[PDB]
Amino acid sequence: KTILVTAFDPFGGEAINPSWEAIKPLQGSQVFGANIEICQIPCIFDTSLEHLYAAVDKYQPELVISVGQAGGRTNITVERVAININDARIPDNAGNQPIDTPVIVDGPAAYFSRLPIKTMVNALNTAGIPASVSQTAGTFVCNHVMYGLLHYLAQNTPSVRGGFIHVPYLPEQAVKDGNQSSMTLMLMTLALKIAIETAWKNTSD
């Protein structure tokens, strides 16, 4: 049994992406009889989704957790819902900047996360790690991937649960001095380990 965990390459002028750095130590790890496979996907509209679909079809996971950077957030956030819209504040890594276009034409307006998000947030908080449910994953490539994931799973393999977790800046990214919050890499990896284990052990909230 496989858990697929995805993250992104650096974007928006950054030299690092905490989502990828944080999941690297999880590769090959066992989660109660499931093993973790990681995959890096490009921060590019549509191309990102092609990488995602290819990874899902290759690994045939029972659980998919996609991870992204949410610079400025203070804590770990587990996303409640993905919406069917691209509205890019900045260009992606290939220079695309879609304004109010659908992620999937004629797809539904939204998909709820299929992860046990409350249980995950409570496990994190109980472990002394600040975490909360988020009601918006943005309208950039992270939400795009969350929506595409949930749509793909619903259309092909409905018993497979997918969802999204955002991590904050690493300290090295918050040095730029706009009074930005951070979380160490060590703490991020621990938080993701707990969140993934919790999602695996608990089918629903």
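Residue positions are given as counts along the sequence shown, with the first one as 1.
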key: Mean C-alpha B-factor comparison - 79-87 and 102-110, higher one   = 102-110
inquiry  = So, looking at the entry's B-factor column for Cα atoms, which has the higher mean, 191-199 or 177-185?
reply    = 177-185
note = Top Cα B-factor in this entry, restricted to 66, 69, 139, 156, sits on 156
query = When the CA B-factors of 36, 146, 44, 165 are compared as recorded in the entry, which is the largest?
reply = 36
request  = Comparing against every modelled residue in the chain, figure out the third that the C-alpha B-factor of residue 97 lands in (lowest, middle or highest).
outcome  = middle
inquiry  = Sorting by Cα B-factor within the chain, modelled residues only, which third would residue 128 end up in: lowest, middle or highest?
reply    = middle
